[PDB]
Amino acid sequence: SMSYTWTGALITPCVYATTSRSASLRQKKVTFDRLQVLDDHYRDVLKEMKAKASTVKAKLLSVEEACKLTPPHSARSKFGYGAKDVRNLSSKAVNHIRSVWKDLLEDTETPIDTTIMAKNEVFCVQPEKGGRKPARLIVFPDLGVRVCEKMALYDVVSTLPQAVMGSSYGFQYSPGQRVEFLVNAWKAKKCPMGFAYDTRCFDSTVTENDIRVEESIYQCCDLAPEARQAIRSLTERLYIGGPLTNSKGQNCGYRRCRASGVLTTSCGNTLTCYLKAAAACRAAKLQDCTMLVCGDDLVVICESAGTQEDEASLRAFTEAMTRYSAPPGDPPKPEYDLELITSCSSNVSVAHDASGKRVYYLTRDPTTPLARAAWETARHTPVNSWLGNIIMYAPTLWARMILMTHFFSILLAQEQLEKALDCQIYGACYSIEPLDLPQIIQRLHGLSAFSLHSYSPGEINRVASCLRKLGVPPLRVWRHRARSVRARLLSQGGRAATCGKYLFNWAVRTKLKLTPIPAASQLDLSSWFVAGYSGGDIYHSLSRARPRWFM
Ligand SMILES: O=C(O)/C=C/c1ccc(NC(=O)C2(NC(=O)c3ccc4c(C5CCCCC5)c5n(c4c3)CC(=O)Nc3ccccc3-5)CCCC2)cc1
Ligand SMILES: O=C(O)COc1ccccc1C(=O)Nc1c(OCc2ccc(Cl)cc2)cccc1C(=O)O
């Protein structure tokens, strides 16, 4: 069937930023017919996946538990209540939610309505490698449906992918654990070969059968009868497809592929990508495969069979994925160095700690992170990508010297160090105070993230070249600025001094000892690197469970 059909009604609105203008160009690419042919490898992998799902027991979340998971700036319902009413458990919100739930149990076939919208993302043009990227599309149900999805499937999408995929499930890893996983997998091979597989419009490649196969994996869970019916009903009425409405309420057409803004998007895409990839590994006869999957993002680390043989197996893997309705964007290329693999926009690099020991870390080209931070400094934004990049890329040269220095000077000038800000980690929203950054960093990357040096020449040059192309002052200027930022932070004591001492120890002439932060243990990060929730509409506020009086 067609991934999408359109009426003609426009997708209306609600260093460039992506707009609803370019939505017409995106529609053309994501609109096609799917031809999927399944085989014995696919059927075998599926049965193996279902046997592991059979060990999962999932709980039905209460209305209150589901309401607490709703982000405060989550789109309001078309039925007279918003995200604040949901979080406060107002009678109107709760009554509406309970009737939407009852309707999921009684109606098994009527397609649920969704809103289509062009996502606004900040990119960096540079007319040296083509032109501007068209806006991505976001398809999501009403607020009431979104709360019901959490009641029925929040525990499923948080527990099941790990039980099914094991160590291949990428969202269970902090950046430090992701690093450790890839390094260990690379070292486990006699002669390693690795590749990244990029699918062309993954959401659009997802067929109705893929969505039903995904439900067959969920149905293997021990579930409450009502959860079981809600999964069945949500699959038919929402997940498989349904009508699309623009921001103006006009009928835009119809979808028969994956919706980007449903709770099961990340889980479903990870399960589908893993299933198709593991099956294709068998068709291509790749030896001792190690996969790492985050939605549509796949990395394969395997045993090399020779330069000509690896190229042949990669074309075979591609032919199999294409048959499964997952053709590539860019053709995959075999890499024989771990650093040469770019997965989830990131690559492995090495540095040294204070005692000269090797430390592997994840980094990426810093153009987009810096362009986005520049946009966010210029105008007020709901999500601060700068904060997420400080969190995820804390050991990197660019995040330490530029992002930490720039944003801590602004927070110092605005006296906003204690003000909690929202950031997105694995598709989920987190309300974090900048003053908690040293404890967060120690927990995800280790105490060494504050003492890293001996960066590679390639990494230094990439960062340096990037600062030049963007008009950012050189690294020597940042060192000077960090010294004042650090001095002012130290003078304030408490968590602010810890920000000075730990985040800016790289800037001082004579470096400090740096002992573990005692209050880092009491930080509750149990909901952090568990699962992916892209378009899932998930919120968590950071908690410091059991505080000592002297901390
Ligand atoms: O010794 C030498 O040889 C050269 C010395 C030298 C060169 C330039 C400066 N610049 C400045 O002082 C000013 N800008 C900055 O001190 C500045 C700070 C952050 C900047 C950023 C980002 C960096 C990441 C966090 C968010 C801010 C960008 N740009 C920045 C400029 C340059 C800019 O204006 N815009 C962009 C656009 C895209 C990407 C980055 C930028 C402030 C007043 C005048 C301009 C200072 C010293
Ligand atoms: O790494 C990037 O360039 C963007 O990643 C981020 C940076 C800051 C804030 C959030 C993200 C993020 O959650 N990224 C994601 C991801 O990363 C997987 C990974 C893990 C650790 C590192 Cl160091 C790099 C990549 C896998 C799948 C989906 C997403 C998502 O966008 O929701």
# chains A, B, ... in the order shown; residues from 1 in each chain; ligands from 1

$ residues_around --residues "residue A:481" --least-positions-apart "6" --cutoff "10 Å" --atoms "only C-alpha atoms" --output "list in words"
residues 401, 402, 405, 406, 409, 475 and 507 of chain A

$ write_last_selection --atoms "C-alpha atoms" --output "PDB file, in the first residue's frame"
ATOM      1  CA  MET A 401      35.666  24.635  26.084  1.00  0.00           C
ATOM      2  CA  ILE A 402      32.831  26.291  24.157  1.00  0.00           C
ATOM      3  CA  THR A 405      32.097  28.401  28.979  1.00  0.00           C
ATOM      4  CA  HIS A 406      29.432  30.214  26.898  1.00  0.00           C
ATOM      5  CA  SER A 409      28.779  32.997  31.526  1.00  0.00           C
ATOM      6  CA  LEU A 475      40.124  27.987  21.573  1.00  0.00           C
ATOM      7  CA  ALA A 507      41.316  26.040  31.984  1.00  0.00           C
TER       8      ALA A 507
END

$ closest_atom_pairs --of "chain A" --to "ligand 1" --cutoff "8 Å" --atoms "only C-alpha atoms and all ligand atoms" --output "tab-separated table"
residue	atom	partner	partner_atom_place_in_ligand_line	distance
A:15	CA	ligand 1	38 (C)	6.5
A:124	CA	ligand 1	38 (C)	7.8
A:367	CA	ligand 1	39 (C)	7.0
A:369	CA	ligand 1	24 (C)	7.6
A:370	CA	ligand 1	24 (C)	4.4
A:371	CA	ligand 1	39 (C)	4.0
A:372	CA	ligand 1	39 (C)	7.4
A:373	CA	ligand 1	26 (C)	4.3
A:374	CA	ligand 1	26 (C)	3.8
A:375	CA	ligand 1	26 (C)	7.4
A:376	CA	ligand 1	26 (C)	7.4
A:377	CA	ligand 1	26 (C)	6.0
A:386	CA	ligand 1	25 (C)	7.6
A:402	CA	ligand 1	24 (C)	5.9
A:403	CA	ligand 1	25 (C)	5.2
A:406	CA	ligand 1	25 (C)	5.7
A:407	CA	ligand 1	25 (C)	7.0
A:467	CA	ligand 1	40 (C)	7.4
A:470	CA	ligand 1	39 (C)	4.9
A:471	CA	ligand 1	32 (C)	4.3
A:472	CA	ligand 1	29 (N)	4.1
A:473	CA	ligand 1	7 (C)	4.0
A:474	CA	ligand 1	4 (C)	6.2
A:476	CA	ligand 1	1 (O)	7.7
A:477	CA	ligand 1	47 (C)	6.2

$ write_last_selection --atoms "C-alpha atoms" --output "CSV table (one decimal), in the first residue's frame"
chain,number,residue,atom,x,y,z
A,15,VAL,CA,22.2,28.9,9.8
A,124,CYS,CA,23.7,24.8,9.2
A,367,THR,CA,28.7,22.3,13.5
A,369,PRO,CA,25.5,21.5,18.1
A,370,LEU,CA,27.1,24.9,17.9
A,371,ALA,CA,24.6,26.3,15.2
A,372,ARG,CA,21.7,25.2,17.5
A,373,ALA,CA,23.3,26.7,20.7
A,374,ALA,CA,23.8,30.0,18.7
A,375,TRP,CA,20.0,29.9,17.7
A,376,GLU,CA,19.1,29.2,21.4
A,377,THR,CA,21.2,32.1,22.7
A,386,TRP,CA,22.9,23.0,24.3
A,402,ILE,CA,32.8,26.3,24.2
A,403,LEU,CA,29.4,25.1,25.4
A,406,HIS,CA,29.4,30.2,26.9
A,407,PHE,CA,26.4,29.0,28.8
A,467,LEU,CA,35.1,27.5,14.9
A,470,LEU,CA,31.2,29.7,12.0
A,471,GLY,CA,32.9,32.9,13.2
A,472,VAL,CA,33.4,31.6,16.8
A,473,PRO,CA,36.5,33.0,18.6
A,474,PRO,CA,39.5,30.5,18.7
A,476,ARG,CA,42.7,30.3,23.3
A,477,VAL,CA,40.0,32.9,23.8

$ residues_near_ligand --ligand "ligand 2" --cutoff "6 Å" --atoms "only C-alpha atoms and all ligand atoms" --output "PDB file with C-alpha atoms, in the first residue's frame"
ATOM      1  CA  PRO A 175      27.305   7.560  26.439  1.00  0.00           C
ATOM      2  CA  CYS A 294      18.494   2.795  18.340  1.00  0.00           C
ATOM      3  CA  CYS A 344      23.710   8.116  15.879  1.00  0.00           C
ATOM      4  CA  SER A 345      25.682  11.105  14.411  1.00  0.00           C
ATOM      5  CA  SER A 346      28.666  10.105  16.674  1.00  0.00           C
ATOM      6  CA  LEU A 362      31.907   9.588  21.889  1.00  0.00           C
ATOM      7  CA  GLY A 388      21.671  17.929  26.243  1.00  0.00           C
ATOM      8  CA  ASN A 389      24.941  18.259  24.302  1.00  0.00           C
ATOM      9  CA  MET A 392      25.925  13.669  26.336  1.00  0.00           C
ATOM     10  CA  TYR A 393      29.167  15.137  25.007  1.00  0.00           C
ATOM     11  CA  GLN A 424      15.649  15.902  25.404  1.00  0.00           C
ATOM     12  CA  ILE A 425      17.587  12.655  26.096  1.00  0.00           C
ATOM     13  CA  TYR A 426      16.654   9.586  23.998  1.00  0.00           C
ATOM     14  CA  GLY A 427      13.393  11.291  22.889  1.00  0.00           C
ATOM     15  CA  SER A 534      11.065   9.480  20.262  1.00  0.00           C
TER      16      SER A 534
END

$ residues_around --residues "residue A:518" --least-positions-apart "2" --cutoff "10 Å" --atoms "only C-alpha atoms" --output "VMD selection string"
chain A and resid 439 515 to 516 520 to 522 548 551

$ write_last_selection --atoms "N, CA, C and O atoms" --output "mmCIF file, in the first residue's frame"
data_model
loop_
_atom_site.group_PDB
_atom_site.id
_atom_site.type_symbol
_atom_site.label_atom_id
_atom_site.label_comp_id
_atom_site.auth_asym_id
_atom_site.auth_seq_id
_atom_site.Cartn_x
_atom_site.Cartn_y
_atom_site.Cartn_z
ATOM 1 N N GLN A 439 27.533 16.498 38.953
ATOM 2 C CA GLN A 439 27.083 15.192 39.456
ATOM 3 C C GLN A 439 26.582 14.313 38.314
ATOM 4 O O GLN A 439 26.959 13.148 38.245
ATOM 5 N N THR A 515 38.357 14.995 43.518
ATOM 6 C CA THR A 515 37.891 13.809 44.246
ATOM 7 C C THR A 515 36.416 13.574 43.916
ATOM 8 O O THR A 515 35.740 14.536 43.582
ATOM 9 N N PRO A 516 35.866 12.351 44.009
ATOM 10 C CA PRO A 516 34.436 12.163 43.655
ATOM 11 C C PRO A 516 33.480 13.093 44.404
ATOM 12 O O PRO A 516 33.681 13.350 45.599
ATOM 13 N N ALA A 520 26.644 12.958 44.254
ATOM 14 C CA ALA A 520 26.339 12.349 42.950
ATOM 15 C C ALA A 520 25.618 11.011 43.099
ATOM 16 O O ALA A 520 24.811 10.665 42.245
ATOM 17 N N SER A 521 25.894 10.284 44.193
ATOM 18 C CA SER A 521 25.284 8.991 44.518
ATOM 19 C C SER A 521 23.774 9.107 44.761
ATOM 20 O O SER A 521 23.016 8.253 44.292
ATOM 21 N N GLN A 522 23.343 10.174 45.470
ATOM 22 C CA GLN A 522 21.942 10.417 45.827
ATOM 23 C C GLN A 522 21.060 10.904 44.635
ATOM 24 O O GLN A 522 19.843 11.018 44.796
ATOM 25 N N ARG A 548 21.871 14.771 52.211
ATOM 26 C CA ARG A 548 22.572 14.964 53.487
ATOM 27 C C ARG A 548 22.553 16.459 53.782
ATOM 28 O O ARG A 548 22.596 17.249 52.831
ATOM 29 N N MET A 551 25.428 18.662 52.448
ATOM 30 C CA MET A 551 25.460 18.696 50.980
ATOM 31 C C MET A 551 24.242 19.570 50.504
ATOM 32 O O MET A 551 24.257 20.809 50.709
#

$ closest_residue --among "A:45, A:429, A:413, A:314" --to "residue A:387" --atoms "only C-alpha atoms"
A:429

$ closest_residue --among "A:145, A:444, A:25, A:213" --to "residue A:261" --atoms "only C-alpha atoms"
A:145

$ residues_around --residues "stretch 246-259 of chain A" --least-positions-apart "3" --cutoff "8 Å" --atoms "only C-alpha atoms" --output "PDB file with C-alpha atoms, in the first residue's frame"
ATOM      1  CA  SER A   1       0.000   0.000   0.000  1.00  0.00           C
ATOM      2  CA  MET A   2       0.904   3.749  -0.275  1.00  0.00           C
ATOM      3  CA  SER A   3       2.838   5.068   2.766  1.00  0.00           C
ATOM      4  CA  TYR A   4       0.706   8.271   2.482  1.00  0.00           C
ATOM      5  CA  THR A   5      -2.129   9.645   0.333  1.00  0.00           C
ATOM      6  CA  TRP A   6      -2.754  13.368   0.236  1.00  0.00           C
ATOM      7  CA  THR A   7      -5.833  15.534  -0.365  1.00  0.00           C
ATOM      8  CA  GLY A   8      -3.800  18.602  -1.351  1.00  0.00           C
ATOM      9  CA  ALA A   9      -4.531  20.572   1.879  1.00  0.00           C
ATOM     10  CA  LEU A  10      -1.266  22.122   3.049  1.00  0.00           C
ATOM     11  CA  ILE A  11       0.678  21.052   6.120  1.00  0.00           C
ATOM     12  CA  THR A  12      -0.040  24.360   7.877  1.00  0.00           C
ATOM     13  CA  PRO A  13       2.116  26.139  10.576  1.00  0.00           C
ATOM     14  CA  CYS A  14       1.275  26.021  14.344  1.00  0.00           C
ATOM     15  CA  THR A 115      -2.382  15.889  13.492  1.00  0.00           C
ATOM     16  CA  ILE A 116       0.350  16.294  10.838  1.00  0.00           C
ATOM     17  CA  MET A 117       2.934  19.115  11.252  1.00  0.00           C
ATOM     18  CA  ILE A 138       5.432  14.779  12.857  1.00  0.00           C
ATOM     19  CA  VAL A 139       2.171  12.784  13.133  1.00  0.00           C
ATOM     20  CA  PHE A 140       0.565  12.558  16.591  1.00  0.00           C
ATOM     21  CA  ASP A 203       8.946   5.509   9.167  1.00  0.00           C
ATOM     22  CA  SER A 204       7.574   5.275   5.591  1.00  0.00           C
ATOM     23  CA  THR A 205       9.180   1.816   4.996  1.00  0.00           C
ATOM     24  CA  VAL A 206       7.144   0.423   7.919  1.00  0.00           C
ATOM     25  CA  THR A 207       4.291  -1.649   6.521  1.00  0.00           C
ATOM     26  CA  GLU A 208       0.948  -2.709   8.143  1.00  0.00           C
ATOM     27  CA  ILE A 211       3.117  -3.073  12.840  1.00  0.00           C
ATOM     28  CA  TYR A 239      -0.554   2.332  14.798  1.00  0.00           C
ATOM     29  CA  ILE A 240      -1.340   0.659  11.387  1.00  0.00           C
ATOM     30  CA  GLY A 241      -2.582   3.991   9.991  1.00  0.00           C
ATOM     31  CA  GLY A 242      -5.419   6.496  10.012  1.00  0.00           C
ATOM     32  CA  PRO A 243      -6.492   9.986   8.841  1.00  0.00           C
ATOM     33  CA  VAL A 262       3.038   7.722  19.024  1.00  0.00           C
ATOM     34  CA  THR A 265       7.534   4.759  17.601  1.00  0.00           C
TER      35      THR A 265
END

$ residues_around --residues "residue A:187" --least-positions-apart "4" --cutoff "12 Å" --atoms "only C-alpha atoms" --output "PyMOL selection string"
chain A and resi 180-183+191-194+290+301-303+336-338

$ write_last_selection --atoms "C-alpha atoms" --output "JSON list (two decimals), in the first residue's frame"
[["chain", "number", "residue", "atom", "x", "y", "z"],
["A", 180, "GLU", "CA", 32.35, 0.48, 26.28],
["A", 181, "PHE", "CA", 29.90, -1.70, 24.26],
["A", 182, "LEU", "CA", 31.36, -0.74, 20.85],
["A", 183, "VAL", "CA", 35.01, -0.96, 22.00],
["A", 191, "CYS", "CA", 39.83, -9.15, 12.29],
["A", 192, "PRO", "CA", 36.95, -6.63, 12.83],
["A", 193, "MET", "CA", 34.76, -4.99, 10.20],
["A", 194, "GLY", "CA", 31.89, -2.64, 11.04],
["A", 290, "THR", "CA", 27.25, -7.70, 17.03],
["A", 301, "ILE", "CA", 30.36, -5.08, 14.14],
["A", 302, "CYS", "CA", 31.41, -8.46, 12.65],
["A", 303, "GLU", "CA", 34.31, -10.80, 11.68],
["A", 336, "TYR", "CA", 38.26, -1.39, 9.51],
["A", 337, "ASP", "CA", 38.76, 1.23, 12.26],
["A", 338, "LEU", "CA", 36.15, 1.77, 15.00]]

$ closest_residue --among "A:266, A:342, A:322, A:162" --to "residue A:49" --atoms "only C-alpha atoms"
A:162

$ residues_around --residues "residue A:354" --least-positions-apart "5" --cutoff "9 Å" --atoms "only C-alpha atoms" --output "compact mmCIF listing (two decimals) with N, CA and C atoms, in the first residue's frame"
# COMPACT_ATOMS: atom_id res chain seq x y z
N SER A 448 36.86 11.08 35.25
CA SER A 448 37.86 11.36 34.21
C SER A 448 37.40 12.42 33.19
N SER A 451 39.07 15.58 33.67
CA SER A 451 40.53 15.58 33.61
C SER A 451 41.10 15.15 32.24
N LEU A 452 40.22 14.89 31.25
CA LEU A 452 40.60 14.48 29.90
C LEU A 452 41.46 15.48 29.17
N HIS A 453 42.51 14.97 28.49
CA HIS A 453 43.46 15.73 27.67
C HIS A 453 44.02 14.76 26.63

$ closest_residue --among "A:447, A:508, A:163, A:179" --to "residue A:347" --atoms "only C-alpha atoms"
A:179

$ residues_around --residues "residue A:166" --least-positions-apart "2" --cutoff "12 Å" --atoms "only C-alpha atoms" --output "ChimeraX atom specification"
/A:49,52-53,159-164,168-173,270-271,274,290-293,530

$ closest_residue --among "A:21, A:237, A:47, A:92" --to "residue A:119" --atoms "only C-alpha atoms"
A:21

$ atom_distance --atom1 "atom CA of residue A:459" --atom2 "atom CA of residue A:340"
12.2 Å

$ select_by_dssp --residues "stretch 319-415 of chain A" --states "strand (DSSP E or B)" --output "list in words"
residues 328, 335, 343, 346, 347, 348, 349, 350, 351, 352, 358, 359, 360, 361, 362 and 363 of chain A

$ write_last_selection --atoms "N, CA, C and O atoms" --output "short mmCIF file (atom, residue, chain, number, x, y, z; two decimals), in the first residue's frame"
data_model
loop_
_atom_site.label_atom_id
_atom_site.label_comp_id
_atom_site.auth_asym_id
_atom_site.auth_seq_id
_atom_site.Cartn_x
_atom_site.Cartn_y
_atom_site.Cartn_z
N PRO A 328 18.36 1.25 1.49
CA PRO A 328 19.22 2.27 2.09
C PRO A 328 19.13 3.64 1.45
O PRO A 328 18.72 3.77 0.29
N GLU A 335 34.13 -0.49 7.28
CA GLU A 335 35.18 0.25 7.97
C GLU A 335 36.02 -0.73 8.75
O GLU A 335 35.48 -1.70 9.30
N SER A 343 27.74 6.52 13.86
CA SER A 343 26.46 5.97 14.29
C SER A 343 25.81 6.90 15.30
O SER A 343 26.47 7.36 16.23
N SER A 346 27.46 10.14 15.84
CA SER A 346 28.67 10.10 16.67
C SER A 346 29.71 9.02 16.34
O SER A 346 29.41 7.98 15.75
N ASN A 347 30.97 9.30 16.71
CA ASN A 347 32.11 8.41 16.50
C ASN A 347 32.96 8.29 17.77
O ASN A 347 33.01 9.22 18.57
N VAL A 348 33.63 7.15 17.92
CA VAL A 348 34.54 6.87 19.03
C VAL A 348 35.86 7.64 18.77
O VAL A 348 36.31 7.76 17.63
N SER A 349 36.44 8.17 19.85
CA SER A 349 37.71 8.87 19.89
C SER A 349 38.37 8.47 21.20
O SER A 349 37.73 7.81 22.04
N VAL A 350 39.66 8.78 21.37
CA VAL A 350 40.40 8.39 22.58
C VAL A 350 41.07 9.64 23.13
O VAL A 350 41.46 10.53 22.37
N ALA A 351 41.21 9.69 24.44
CA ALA A 351 41.92 10.75 25.15
C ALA A 351 42.65 10.08 26.33
O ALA A 351 42.66 8.85 26.43
N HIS A 352 43.28 10.88 27.20
CA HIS A 352 43.94 10.37 28.40
C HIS A 352 43.34 11.07 29.60
O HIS A 352 42.91 12.22 29.49
N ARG A 358 44.43 5.67 28.92
CA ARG A 358 43.53 5.81 27.79
C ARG A 358 42.06 5.84 28.25
O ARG A 358 41.70 5.16 29.21
N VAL A 359 41.25 6.66 27.59
CA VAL A 359 39.85 6.82 27.89
C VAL A 359 39.16 7.02 26.53
O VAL A 359 39.46 7.99 25.81
N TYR A 360 38.27 6.09 26.16
CA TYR A 360 37.46 6.18 24.95
C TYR A 360 36.24 7.03 25.26
O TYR A 360 35.69 6.95 26.37
N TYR A 361 35.80 7.84 24.27
CA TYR A 361 34.61 8.67 24.43
C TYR A 361 33.93 8.85 23.09
O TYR A 361 34.55 8.61 22.05
N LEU A 362 32.67 9.27 23.11
CA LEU A 362 31.91 9.59 21.89
C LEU A 362 31.93 11.08 21.65
O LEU A 362 31.75 11.89 22.58
N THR A 363 32.16 11.43 20.40
CA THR A 363 32.19 12.81 19.91
C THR A 363 31.45 12.86 18.58
O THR A 363 30.99 11.83 18.09
#

$ select_by_dssp --residues "stretch 287-349 of chain A" --states "helix (DSSP H, G or I)" --output "PyMOL selection string"
chain A and resi 307-323+338-340

$ write_last_selection --atoms "N, CA and C atoms" --output "PDB file, in the first residue's frame"
ATOM      1  N   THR A 307      38.573  -8.074   2.045  1.00  0.00           N
ATOM      2  CA  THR A 307      38.157  -6.793   1.452  1.00  0.00           C
ATOM      3  C   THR A 307      37.068  -6.948   0.376  1.00  0.00           C
ATOM      4  N   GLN A 308      37.259  -7.894  -0.545  1.00  0.00           N
ATOM      5  CA  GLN A 308      36.315  -8.170  -1.633  1.00  0.00           C
ATOM      6  C   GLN A 308      35.077  -8.897  -1.101  1.00  0.00           C
ATOM      7  N   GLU A 309      35.282  -9.856  -0.168  1.00  0.00           N
ATOM      8  CA  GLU A 309      34.232 -10.653   0.479  1.00  0.00           C
ATOM      9  C   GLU A 309      33.300  -9.821   1.368  1.00  0.00           C
ATOM     10  N   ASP A 310      33.841  -8.805   2.088  1.00  0.00           N
ATOM     11  CA  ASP A 310      33.064  -7.920   2.958  1.00  0.00           C
ATOM     12  C   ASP A 310      32.161  -7.010   2.139  1.00  0.00           C
ATOM     13  N   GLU A 311      32.662  -6.538   0.986  1.00  0.00           N
ATOM     14  CA  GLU A 311      31.928  -5.680   0.050  1.00  0.00           C
ATOM     15  C   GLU A 311      30.766  -6.472  -0.545  1.00  0.00           C
ATOM     16  N   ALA A 312      31.018  -7.755  -0.891  1.00  0.00           N
ATOM     17  CA  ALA A 312      30.018  -8.670  -1.437  1.00  0.00           C
ATOM     18  C   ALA A 312      28.907  -8.962  -0.410  1.00  0.00           C
ATOM     19  N   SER A 313      29.289  -9.197   0.872  1.00  0.00           N
ATOM     20  CA  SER A 313      28.324  -9.457   1.947  1.00  0.00           C
ATOM     21  C   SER A 313      27.486  -8.203   2.266  1.00  0.00           C
ATOM     22  N   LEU A 314      28.078  -7.000   2.099  1.00  0.00           N
ATOM     23  CA  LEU A 314      27.367  -5.741   2.336  1.00  0.00           C
ATOM     24  C   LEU A 314      26.313  -5.459   1.297  1.00  0.00           C
ATOM     25  N   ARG A 315      26.562  -5.872   0.042  1.00  0.00           N
ATOM     26  CA  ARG A 315      25.596  -5.743  -1.054  1.00  0.00           C
ATOM     27  C   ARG A 315      24.464  -6.752  -0.857  1.00  0.00           C
ATOM     28  N   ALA A 316      24.801  -7.937  -0.299  1.00  0.00           N
ATOM     29  CA  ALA A 316      23.854  -9.008  -0.008  1.00  0.00           C
ATOM     30  C   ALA A 316      22.925  -8.591   1.137  1.00  0.00           C
ATOM     31  N   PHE A 317      23.507  -8.020   2.225  1.00  0.00           N
ATOM     32  CA  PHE A 317      22.787  -7.491   3.396  1.00  0.00           C
ATOM     33  C   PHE A 317      21.788  -6.436   2.907  1.00  0.00           C
ATOM     34  N   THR A 318      22.248  -5.540   2.001  1.00  0.00           N
ATOM     35  CA  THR A 318      21.430  -4.472   1.425  1.00  0.00           C
ATOM     36  C   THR A 318      20.269  -5.050   0.612  1.00  0.00           C
ATOM     37  N   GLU A 319      20.539  -6.071  -0.230  1.00  0.00           N
ATOM     38  CA  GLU A 319      19.525  -6.736  -1.053  1.00  0.00           C
ATOM     39  C   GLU A 319      18.414  -7.333  -0.156  1.00  0.00           C
ATOM     40  N   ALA A 320      18.812  -7.978   0.976  1.00  0.00           N
ATOM     41  CA  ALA A 320      17.879  -8.569   1.948  1.00  0.00           C
ATOM     42  C   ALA A 320      17.023  -7.511   2.665  1.00  0.00           C
ATOM     43  N   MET A 321      17.640  -6.411   3.160  1.00  0.00           N
ATOM     44  CA  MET A 321      16.930  -5.288   3.808  1.00  0.00           C
ATOM     45  C   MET A 321      15.932  -4.650   2.838  1.00  0.00           C
ATOM     46  N   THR A 322      16.342  -4.507   1.563  1.00  0.00           N
ATOM     47  CA  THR A 322      15.513  -3.945   0.494  1.00  0.00           C
ATOM     48  C   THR A 322      14.258  -4.803   0.285  1.00  0.00           C
ATOM     49  N   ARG A 323      14.426  -6.146   0.299  1.00  0.00           N
ATOM     50  CA  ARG A 323      13.349  -7.139   0.173  1.00  0.00           C
ATOM     51  C   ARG A 323      12.379  -7.025   1.358  1.00  0.00           C
ATOM     52  N   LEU A 338      37.349   1.446  14.215  1.00  0.00           N
ATOM     53  CA  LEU A 338      36.153   1.768  14.996  1.00  0.00           C
ATOM     54  C   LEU A 338      35.792   3.269  14.951  1.00  0.00           C
ATOM     55  N   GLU A 339      36.796   4.139  14.993  1.00  0.00           N
ATOM     56  CA  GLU A 339      36.659   5.593  14.913  1.00  0.00           C
ATOM     57  C   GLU A 339      36.048   6.031  13.580  1.00  0.00           C
ATOM     58  N   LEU A 340      36.168   5.203  12.543  1.00  0.00           N
ATOM     59  CA  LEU A 340      35.690   5.561  11.216  1.00  0.00           C
ATOM     60  C   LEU A 340      34.188   5.344  11.014  1.00  0.00           C
TER      61      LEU A 340
END

$ atom_distance --atom1 "atom CA of residue A:65" --atom2 "atom CA of residue A:84"
14.6 Å

$ closest_residue --among "A:225, A:334, A:327, A:536" --to "residue A:300" --atoms "only C-alpha atoms"
A:334

$ atom_distance --atom1 "atom CA of residue A:199" --atom2 "atom CA of residue A:329"
5.3 Å
